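Asker: Take this structure, written in structure tokens, and hold onto it; I'll ask about it next.
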Amino acid sequence: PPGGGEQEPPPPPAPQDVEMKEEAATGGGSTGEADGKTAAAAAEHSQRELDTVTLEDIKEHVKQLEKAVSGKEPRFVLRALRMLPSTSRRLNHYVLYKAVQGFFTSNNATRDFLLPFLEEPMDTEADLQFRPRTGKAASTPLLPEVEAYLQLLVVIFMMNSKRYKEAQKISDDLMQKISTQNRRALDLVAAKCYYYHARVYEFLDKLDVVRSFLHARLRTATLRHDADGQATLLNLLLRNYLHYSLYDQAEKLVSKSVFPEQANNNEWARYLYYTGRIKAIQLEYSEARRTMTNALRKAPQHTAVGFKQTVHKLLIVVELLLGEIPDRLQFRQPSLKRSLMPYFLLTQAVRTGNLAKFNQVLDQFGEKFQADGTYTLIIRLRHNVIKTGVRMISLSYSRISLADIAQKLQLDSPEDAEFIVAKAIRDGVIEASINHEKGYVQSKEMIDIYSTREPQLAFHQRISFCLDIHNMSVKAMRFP
Amino acid sequence: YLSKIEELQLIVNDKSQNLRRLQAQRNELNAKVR
Amino acid sequence: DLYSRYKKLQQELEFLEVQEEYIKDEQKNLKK
Amino acid sequence: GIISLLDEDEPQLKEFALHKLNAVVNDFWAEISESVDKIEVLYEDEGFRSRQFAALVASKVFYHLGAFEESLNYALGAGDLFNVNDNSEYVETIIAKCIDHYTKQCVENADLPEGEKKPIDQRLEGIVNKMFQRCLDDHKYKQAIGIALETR
Amino acid sequence: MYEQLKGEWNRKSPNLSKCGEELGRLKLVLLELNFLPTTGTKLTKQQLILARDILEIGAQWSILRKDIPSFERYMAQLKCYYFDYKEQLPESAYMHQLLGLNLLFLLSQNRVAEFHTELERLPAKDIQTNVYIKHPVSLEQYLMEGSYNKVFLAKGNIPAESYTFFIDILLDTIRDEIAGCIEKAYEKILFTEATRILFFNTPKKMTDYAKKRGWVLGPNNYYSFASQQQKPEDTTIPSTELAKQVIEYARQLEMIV
Amino acid sequence: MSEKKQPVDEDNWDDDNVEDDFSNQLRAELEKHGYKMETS
């Protein structure tokens with residue numbers, strides 16, 4: 001208890017130093033230098049603000065008890081800041097409130113004064129002019145109240161903080177958006193707050209009212225302004241219209257907004273992944289597998305970060321549904337074996353010709369399937385399994401009996417071995433001829449229409465890709 | 001509104017200015033080497 | 001001022017058209 | 001999923017159909033791409049009563065597509081229900097379409113209106129001077145003289 | 001309230017002026033409330049629940065009378081009803097097999113992308129249970145590769161309602177399935193096994209197949225003709241597609257601006 | 001930087017392809033030889 005008594009003073013001030021000065025220097029740079037900067041859809045301090053959001057995604061989440069950021073909220077909201085000579089005493093107050101926090105203890109006003117923690121941008125006829133100031137100072141207070149993760153009586157005050165953020169949308173969509181791109185600064189801030197907005201709606205019911213609001217929030221791009229908000233809002237529209245089954249996907253097809261042309265390599269890569277899953281659910285594989293592979297290799301920048309292993313999981317679903325299949329644990333991680341091994345046992349079952357190994361795994365891990373939302377593999381993957389088996393055995397045996405391969409592949413009857421191999425011919429897998437008097441399936445071999453046609457088509461792809469490497473290499477080299 | 005958004009989506013087109021920056025440094029390269 | 005501030009930008013659009021056409025022929029000429 | 005309801009012969013399913021089109025359009029925005037001709041039948045027929053509001057919902061949905069020429073034809077053909085609605089931010093889009101087409105039309109008619117004129121719809125030139133009434137009565141004359149020079 | 005809403009409900013209705021009164025009654029329902037959620041007063045959907053019941057019996061009378069665009073009209077209505085935006089969802093009479101009807105005919109349209117995006121809104125209902133969903137998709141599980149008469153055993157046992165107006169379309173889409181896969185390495189087949197698989201012992205459908213198709217009706221045998229490709233001339237479409245491709249290689253290596 | 005948004009969560013490999021051939025059948029295949037030398 002005296003040891004804890006001296007474990008009380010050192011935890012506030014160093015967060016009260018760096019957590020102070022991050023938005024002090026960064027937000028000062030952002031809000032002031034957003035006046036100029038001919039490309040200020042996000043200033044360099046706005047990417048620095050992204051970086052500080054990455055910092056307090058792991059540094060501090062809650063409204064900070066032990067009286068550390070608990071005074072930073074009534075400090076940083078109580079800002080009239082009408083003009084720069086009326087801000088100098090506030091620049092002194094940025095240290096004077098620290099003197100108040102050091103002389104006495106702070107006053108943590110949780111869940112009562114949070115709504116009059118929203119009336120300080122009205123202090124003595126205050127400003128609506130610097131909306132990235134008030135937008136960033138409506139995100140960085142009010143979103144850590146959601147990172148408190150309370151879900152008790154203040155989710156309505158979370159929502160009313162987001163109603164004052166709808167008033168920030170009002171000031172976003174009315175207040176003088178000519179060439180300042182306060183709107184597009186608020187489009188990146190809108191991306192952030194719509195993710196946490198979205199997490200609030202994850203802890204509650206479906207937001208179909210706010211889905212119509214989100215429709216309007218998407219459509220208000222491309223005509224008023226058009227930069228990166230359409231990207232972020234496109235994935236934020238996709239997030240549950242994937243999760244809900246109906247129409248939405250023909251809308252993704254007829255969506256003439258696939259192309260927001262840059263998304264800081266994060267949103268664009270995961271957009272590739274989301275539309276890859278979308279194309280994968282309608283059985284189209286080769287069109288989907290390339291963007292699955294590109295989305296896996298496009299945003300890899302951790303070691304076992306989670307949804308990287310969700311894309312690395314789903315990527316070989318369609319290739320279990322192709323017939324060609326890679327070994328998946330080529331990117332196995334020590335934080336991954338749990339979430340790879342039943343799925344790896346599934347592809348282990350598929351990489352042989354057996355089906356009795358395959359049929360057990362559905363009843364085995366159908367609850368895992370209920371978790372993963374991938375029931376569509378089991379209705380149609382038996383087709384690919386038996387095509388792989390008949391391909392393997394047809395490459396094995398030059399002249400096979402149907403009444404042997406059928407019972408070797410548990411078909412239980414010889415007469416539909418005719419059917420399965422007849423569509424191994426009709427579907428174009430095998431060329432092998434049959435006498436349907438004796439029941440023998442002879443297979444022959446050839447080359448050289450291979451070598452006249454097959455490799456050059458692949459070489460065309462190889463060199464188209466490498467010349468695209470050359471094109472992008474030069475046209476990104478030439479900035480100096 | 002008519003005389004408002006047209007200037008904004010005109011100033012959107014300023015990536016051609018950065019292309020001119022690229023080509024101006026390229027012309028600098030070739031002219032100085034010559 | 002918006003009549004002026006909108007009409008004067010057409011000049012700069014025409015200028016960027018001109019120089020984007022121009023540096024291509026300059027680049028082709030300088031190798032010769 | 002109300003497309004099959006647009007087949008019944010009586011109007012008293014069609015008025016309810018449009019009455020719920022403009023209701024759940026906010027979810028089914030990109031739906032009428034597969035109902036273009038079923039709007040065209042409900043518009044183009046001279047025996048149908050509420051034909052203009054088919055062009056109103058068609059204006060809305062081809063705005064959602066971005067078919068500003070199709071929505072330009074609908075900015076014409078939607079009628080008096082079109083012109084009565086101007087307190088919105090779809091009104092900047094309708095003046096975008098029509099006034100841009102109109103000023104390039106006035107460049108066309110700055111070449112030869114002395115013979116072979118294009119016959120101009122009274123809504124095409126109607127919203128020109130009727131939206132210009134806002135500059136006539138709303139205290140502003142620089143915007144007025146800007147449009148008066150743009151109309152050539 | 002709601003005058004004679006289930007009048008000829010139990011017996012039958014062989015007439016269509018009665019069904020005209022039925023459709024006019026549905027018109028009266030549409031003038032009365034809605035088919036959209038009408039958020040205040042959820043419980044006033046007595047006419048809507050009984051309306052779903054009379055739309056189900058209208059779908060039964062519509063599969064009886066075979067009015068298939070109107071069948072999918074009533075199907076789209078009731079399918080959007082079981083996908084209601086208001087999440088209350090009380091159970092009904094033909095819910096577990098109305099989706100089976102739609103599954104059946106949307107399989108008989110070869111709407112396989114629709115067939116596998118329709119299976120999503122009921123995750124475990126279509127998988128763990130509901131044999132008039134699970135047995136149509138086990139039927140399709142047999143239609144996956146090539147099995148013919150096992151599909152007809154599954155067709156020879158459905159103790160549910162009719163399904164006949166669409167499984168006869170499934171009969172025909174298997175008829176041309178054998179009439180498609182005949183042309184493969186059935187180099188000779190004796191006639192009565194084709195009688196077993198195709199259908200119809202000594203029909204004029206054997207004249208239909210042996211004449212509309214090839215498979216010359218000789219002695220007890222459909223005979224297989226031969227056809228070739230030789231790859232002779234091409235040699236040139238290789239040469240001109242390589243002209244295209246290497247003009248492309250040289251074109252991209254060519255660039256300079 | 002690169003916080004990777006979270007709502008969601010040779011020596012080894014060529015012979016793992018070959019081991020997928022070896023996995024379900026005949027893991028320690030040395031005795032089945034001596035098991036079947038006397039069967040037939």
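Residues are referred to by chain and number: the chain letter is A, B, ... according to the order shown in the structure tokens, the number counts from 1 in that chain, and ligands are numbered separately from 1 in the order shown.
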Write out as a PyMOL selection string the residues lying within 10 Å of residue 51 in chain E, counting only C-alpha atoms and excluding same-chain residues fewer than 3 positions away.
Answerer: chain E and resi 5-6+25-26+29+35+45-48+54-58+78
Asker: Run DSSP on the backbone and tell me which residues of range 404-456 of chain A come out as strand (DSSP E); list them as a PDB file with N, CA, C and O atoms, in the first residue's frame.
Answerer:
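Wrote states.pdb, looks like this:
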ATOM      1  N   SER A 433     -11.065 -44.494 -74.564  1.00  0.00           N
ATOM      2  CA  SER A 433     -12.158 -45.163 -75.252  1.00  0.00           C
ATOM      3  C   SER A 433     -12.659 -46.353 -74.442  1.00  0.00           C
ATOM      4  O   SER A 433     -11.949 -46.904 -73.600  1.00  0.00           O
ATOM      5  N   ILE A 434     -13.909 -46.743 -74.700  1.00  0.00           N
ATOM      6  CA  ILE A 434     -14.548 -47.844 -73.984  1.00  0.00           C
ATOM      7  C   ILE A 434     -15.254 -48.737 -74.993  1.00  0.00           C
ATOM      8  O   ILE A 434     -15.906 -48.248 -75.920  1.00  0.00           O
ATOM      9  N   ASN A 435     -15.138 -50.050 -74.803  1.00  0.00           N
ATOM     10  CA  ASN A 435     -16.124 -50.993 -75.311  1.00  0.00           C
ATOM     11  C   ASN A 435     -17.139 -51.201 -74.195  1.00  0.00           C
ATOM     12  O   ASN A 435     -16.793 -51.674 -73.108  1.00  0.00           O
ATOM     13  N   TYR A 440     -14.300 -52.315 -70.554  1.00  0.00           N
ATOM     14  CA  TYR A 440     -12.901 -51.960 -70.384  1.00  0.00           C
ATOM     15  C   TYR A 440     -12.650 -50.587 -70.981  1.00  0.00           C
ATOM     16  O   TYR A 440     -13.168 -50.261 -72.052  1.00  0.00           O
ATOM     17  N   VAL A 441     -11.854 -49.789 -70.285  1.00  0.00           N
ATOM     18  CA  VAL A 441     -11.634 -48.393 -70.645  1.00  0.00           C
ATOM     19  C   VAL A 441     -10.157 -48.259 -70.994  1.00  0.00           C
ATOM     20  O   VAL A 441      -9.309 -48.053 -70.123  1.00  0.00           O
ATOM     21  N   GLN A 442      -9.834 -48.373 -72.278  1.00  0.00           N
ATOM     22  CA  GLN A 442      -8.457 -48.213 -72.715  1.00  0.00           C
ATOM     23  C   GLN A 442      -8.129 -46.742 -72.935  1.00  0.00           C
ATOM     24  O   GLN A 442      -8.941 -45.977 -73.458  1.00  0.00           O
TER      25      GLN A 442
END
Asker: Please list as a ChimeraX atom specification every residue within 12 Å of residue 29 in chain C, counting only C-alpha atoms and excluding residues in the same chain fewer than 2 positions away.
Answerer: /B:27,30-31,34 /C:22-27,31-32 /E:257
Asker: Residues as selected, N, CA, C and O atoms, written as a PDB file, in the first residue's frame, can you do that?
Answerer:
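See result19.pdb below for the written result:
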ATOM      1  N   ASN B  27      13.416  16.137 -69.653  1.00  0.00           N
ATOM      2  CA  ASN B  27      13.977  17.082 -70.608  1.00  0.00           C
ATOM      3  C   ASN B  27      15.244  17.717 -70.056  1.00  0.00           C
ATOM      4  O   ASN B  27      16.188  17.977 -70.809  1.00  0.00           O
ATOM      5  N   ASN B  30      18.020  15.048 -70.646  1.00  0.00           N
ATOM      6  CA  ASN B  30      18.489  14.934 -72.022  1.00  0.00           C
ATOM      7  C   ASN B  30      19.193  16.200 -72.492  1.00  0.00           C
ATOM      8  O   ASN B  30      20.232  16.115 -73.160  1.00  0.00           O
ATOM      9  N   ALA B  31      18.677  17.375 -72.120  1.00  0.00           N
ATOM     10  CA  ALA B  31      19.296  18.627 -72.538  1.00  0.00           C
ATOM     11  C   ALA B  31      20.662  18.812 -71.898  1.00  0.00           C
ATOM     12  O   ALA B  31      21.615  19.221 -72.573  1.00  0.00           O
ATOM     13  N   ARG B  34      23.119  16.413 -73.499  1.00  0.00           N
ATOM     14  CA  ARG B  34      23.515  16.854 -74.828  1.00  0.00           C
ATOM     15  C   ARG B  34      24.477  18.033 -74.760  1.00  0.00           C
ATOM     16  O   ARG B  34      25.438  18.088 -75.531  1.00  0.00           O
TER      17      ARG B  34
ATOM     18  N   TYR C  22       3.872  18.956 -76.084  1.00  0.00           N
ATOM     19  CA  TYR C  22       5.138  19.525 -76.524  1.00  0.00           C
ATOM     20  C   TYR C  22       6.342  18.706 -76.076  1.00  0.00           C
ATOM     21  O   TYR C  22       7.293  18.507 -76.848  1.00  0.00           O
ATOM     22  N   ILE C  23       6.328  18.243 -74.824  1.00  0.00           N
ATOM     23  CA  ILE C  23       7.496  17.545 -74.301  1.00  0.00           C
ATOM     24  C   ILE C  23       7.653  16.166 -74.943  1.00  0.00           C
ATOM     25  O   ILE C  23       8.769  15.644 -75.014  1.00  0.00           O
ATOM     26  N   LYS C  24       6.571  15.595 -75.477  1.00  0.00           N
ATOM     27  CA  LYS C  24       6.672  14.343 -76.224  1.00  0.00           C
ATOM     28  C   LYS C  24       7.526  14.510 -77.475  1.00  0.00           C
ATOM     29  O   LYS C  24       8.438  13.714 -77.733  1.00  0.00           O
ATOM     30  N   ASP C  25       7.254  15.558 -78.252  1.00  0.00           N
ATOM     31  CA  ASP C  25       8.035  15.807 -79.455  1.00  0.00           C
ATOM     32  C   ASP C  25       9.448  16.266 -79.125  1.00  0.00           C
ATOM     33  O   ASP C  25      10.387  15.943 -79.863  1.00  0.00           O
ATOM     34  N   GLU C  26       9.620  16.991 -78.015  1.00  0.00           N
ATOM     35  CA  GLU C  26      10.966  17.323 -77.549  1.00  0.00           C
ATOM     36  C   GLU C  26      11.769  16.076 -77.195  1.00  0.00           C
ATOM     37  O   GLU C  26      12.948  15.959 -77.561  1.00  0.00           O
ATOM     38  N   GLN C  27      11.141  15.138 -76.487  1.00  0.00           N
ATOM     39  CA  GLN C  27      11.793  13.898 -76.093  1.00  0.00           C
ATOM     40  C   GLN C  27      12.138  13.046 -77.303  1.00  0.00           C
ATOM     41  O   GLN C  27      13.198  12.411 -77.342  1.00  0.00           O
ATOM     42  N   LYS C  31      16.751  12.537 -78.974  1.00  0.00           N
ATOM     43  CA  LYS C  31      17.549  11.346 -79.244  1.00  0.00           C
ATOM     44  C   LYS C  31      18.240  11.447 -80.601  1.00  0.00           C
ATOM     45  O   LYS C  31      19.402  11.032 -80.752  1.00  0.00           O
ATOM     46  N   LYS C  32      17.531  12.000 -81.593  1.00  0.00           N
ATOM     47  CA  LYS C  32      18.145  12.358 -82.867  1.00  0.00           C
ATOM     48  C   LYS C  32      19.268  13.359 -82.672  1.00  0.00           C
ATOM     49  O   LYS C  32      20.290  13.306 -83.366  1.00  0.00           O
TER      50      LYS C  32
ATOM     51  N   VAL E 257       7.699   5.863 -75.827  1.00  0.00           N
ATOM     52  CA  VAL E 257       6.632   6.830 -76.014  1.00  0.00           C
ATOM     53  C   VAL E 257       6.572   7.399 -77.438  1.00  0.00           C
ATOM     54  O   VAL E 257       7.551   7.441 -78.187  1.00  0.00           O
TER      55      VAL E 257
END
Asker: How close does each residue of chain C get to chain D, giving the shortest atom pair and distance in Å to one decimal for every residue with an atom at most 12 Å away, counting only C-alpha atoms, sorted by chain and residue number, as CSV?
Answerer:
residue,atom,partner,partner_atom,distance
C:1,CA,D:142,CA,8.5
C:2,CA,D:143,CA,8.6
C:3,CA,D:146,CA,6.3
C:4,CA,D:146,CA,9.8
C:5,CA,D:146,CA,11.9
C:6,CA,D:146,CA,10.6
C:7,CA,D:146,CA,10.5
Asker: What are the closest atom pairs, with distances in Å to one decimal, for all residues of range 216-292 of chain A lying within 10 Å of range 30-51 of chain D? Consider only C-alpha atoms, order rows by chain and residue number, and present the result as a tab-separated table.
Answerer:
residue	atom	partner	partner_atom	distance
A:247	CA	D:31	CA	8.9
A:248	CA	D:30	CA	8.7
A:250	CA	D:30	CA	8.5
A:251	CA	D:30	CA	5.9
A:252	CA	D:30	CA	9.4
A:254	CA	D:30	CA	7.6
A:255	CA	D:30	CA	8.2
Asker: Emit the selected residues as a compact mmCIF listing (two decimals), in the first residue's frame, including N, CA and C atoms.
Answerer:
# COMPACT_ATOMS: atom_id res chain seq x y z
N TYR A 247 -29.63 -9.39 -52.23
CA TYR A 247 -29.28 -9.03 -53.60
C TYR A 247 -27.85 -8.56 -53.84
N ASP A 248 -27.49 -7.32 -53.50
CA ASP A 248 -26.17 -6.79 -53.13
C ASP A 248 -24.96 -7.18 -54.00
N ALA A 250 -25.16 -8.87 -57.37
CA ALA A 250 -25.41 -8.30 -58.69
C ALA A 250 -25.18 -6.80 -58.68
N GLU A 251 -25.42 -6.14 -57.54
CA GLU A 251 -25.02 -4.75 -57.39
C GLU A 251 -23.50 -4.61 -57.40
N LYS A 252 -22.77 -5.56 -56.80
CA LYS A 252 -21.31 -5.52 -56.91
C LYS A 252 -20.84 -5.75 -58.34
N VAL A 254 -22.69 -4.84 -61.16
CA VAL A 254 -23.07 -3.67 -61.95
C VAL A 254 -22.53 -2.40 -61.31
N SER A 255 -21.73 -2.55 -60.25
CA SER A 255 -21.08 -1.43 -59.61
C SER A 255 -20.05 -0.82 -60.54
Asker: Per DSSP on the backbone, filter chain D down to the residues in alpha helix (DSSP H) and report them as a PyMOL selection string.
Answerer: chain D and resi 11-24+36-44+51-65+70-77+80-83+91-108+126-137+142-150
Asker: Pick out the residues sitting within 9 Å of range 9-17 of chain D, and hand them over as a list in words; count only C-alpha atoms, and ignore anything fewer than 4 positions along from it in its own chain.
Answerer: residues 2, 3, 5, 21, 22, 42, 48, 49, 50 and 53 of chain D; 27, 30, 31 and 34 of chain E
Asker: With only C-alpha atoms considered, list every residue of chain E at most 10 Å from chain D, as a compact mmCIF listing (two decimals) with N, CA and C atoms, in the first residue's frame.
Answerer:
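The file below, iface.txt, is the result:
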# COMPACT_ATOMS: atom_id res chain seq x y z
N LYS E 27 -55.99 -7.75 -54.46
CA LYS E 27 -56.00 -6.34 -54.83
C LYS E 27 -56.59 -5.49 -53.71
N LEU E 30 -54.02 -5.17 -51.06
CA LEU E 30 -53.01 -4.20 -51.43
C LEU E 30 -53.51 -2.77 -51.30
N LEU E 31 -54.80 -2.54 -51.58
CA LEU E 31 -55.38 -1.24 -51.26
C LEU E 31 -55.53 -1.04 -49.75
N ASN E 34 -50.63 -3.12 -47.37
CA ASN E 34 -49.23 -3.10 -47.76
C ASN E 34 -48.75 -4.49 -48.17
N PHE E 35 -47.48 -4.59 -48.55
CA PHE E 35 -46.71 -5.81 -48.37
C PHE E 35 -45.30 -5.50 -47.90
N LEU E 36 -45.12 -4.33 -47.30
CA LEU E 36 -43.86 -3.71 -46.95
C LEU E 36 -44.04 -3.64 -45.43
N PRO E 69 -44.62 -17.70 -64.83
CA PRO E 69 -44.23 -16.34 -64.39
C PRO E 69 -45.08 -15.81 -63.25
N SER E 70 -46.35 -16.17 -63.19
CA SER E 70 -47.11 -15.85 -61.99
C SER E 70 -46.72 -16.75 -60.83
N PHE E 71 -46.27 -17.98 -61.10
CA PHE E 71 -45.74 -18.82 -60.04
C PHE E 71 -44.51 -18.19 -59.41
N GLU E 72 -43.60 -17.69 -60.23
CA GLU E 72 -42.46 -16.99 -59.64
C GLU E 72 -42.83 -15.61 -59.13
N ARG E 73 -43.96 -15.05 -59.55
CA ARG E 73 -44.47 -13.83 -58.93
C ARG E 73 -44.85 -14.06 -57.48
N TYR E 74 -45.74 -15.03 -57.24
CA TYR E 74 -46.11 -15.41 -55.88
C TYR E 74 -44.91 -15.95 -55.11
N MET E 75 -43.98 -16.61 -55.80
CA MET E 75 -42.77 -17.10 -55.15
C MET E 75 -41.88 -15.95 -54.68
N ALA E 76 -41.71 -14.92 -55.51
CA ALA E 76 -40.90 -13.77 -55.12
C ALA E 76 -41.54 -13.02 -53.97
N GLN E 77 -42.87 -12.89 -53.99
CA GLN E 77 -43.63 -12.33 -52.88
C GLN E 77 -43.35 -13.06 -51.57
N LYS E 79 -41.11 -15.32 -50.87
CA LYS E 79 -39.69 -15.42 -50.56
C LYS E 79 -39.16 -14.14 -49.93
N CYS E 80 -39.65 -12.98 -50.39
CA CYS E 80 -39.34 -11.75 -49.69
C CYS E 80 -40.07 -11.65 -48.36
Asker: Tell me which of A:133, A:67, A:79, A:45 sits closest to residue 107 in chain A, counting only C-alpha atoms.
Answerer: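 Closest residue, counting only C-alpha atoms: A:67.
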Asker: Near chain A, which residues of chain B fall within 8 Å when you count only C-alpha atoms, and what do they look like as a ChimeraX atom specification?
Answerer: /B:4-5,8-9,22,25
Asker: Distance cut-off 6 Å, counting only C-alpha atoms - which residues of chain E neighbour chain A? Return them as an NGL selection string.
Answerer: :E and (113 or 120-121 or 146 or 185)
Asker: Quick one: contact table of chain D to chain B, 10 Å max, nearest atom pair and distance in Å to one decimal per residue, counting only C-alpha atoms, chain and number order, as a Markdown table?
Answerer:
| residue | atom | partner | partner_atom | distance |
| --- | --- | --- | --- | --- |
| D:89 | CA | B:1 | CA | 9.4 |
| D:91 | CA | B:1 | CA | 9.5 |
| D:92 | CA | B:1 | CA | 6.4 |
| D:93 | CA | B:2 | CA | 9.1 |
| D:95 | CA | B:2 | CA | 7.7 |
| D:96 | CA | B:2 | CA | 7.0 |
| D:99 | CA | B:2 | CA | 9.2 |
| D:100 | CA | B:2 | CA | 9.7 |
| D:143 | CA | B:3 | CA | 8.4 |
| D:146 | CA | B:3 | CA | 9.0 |
| D:147 | CA | B:2 | CA | 9.6 |
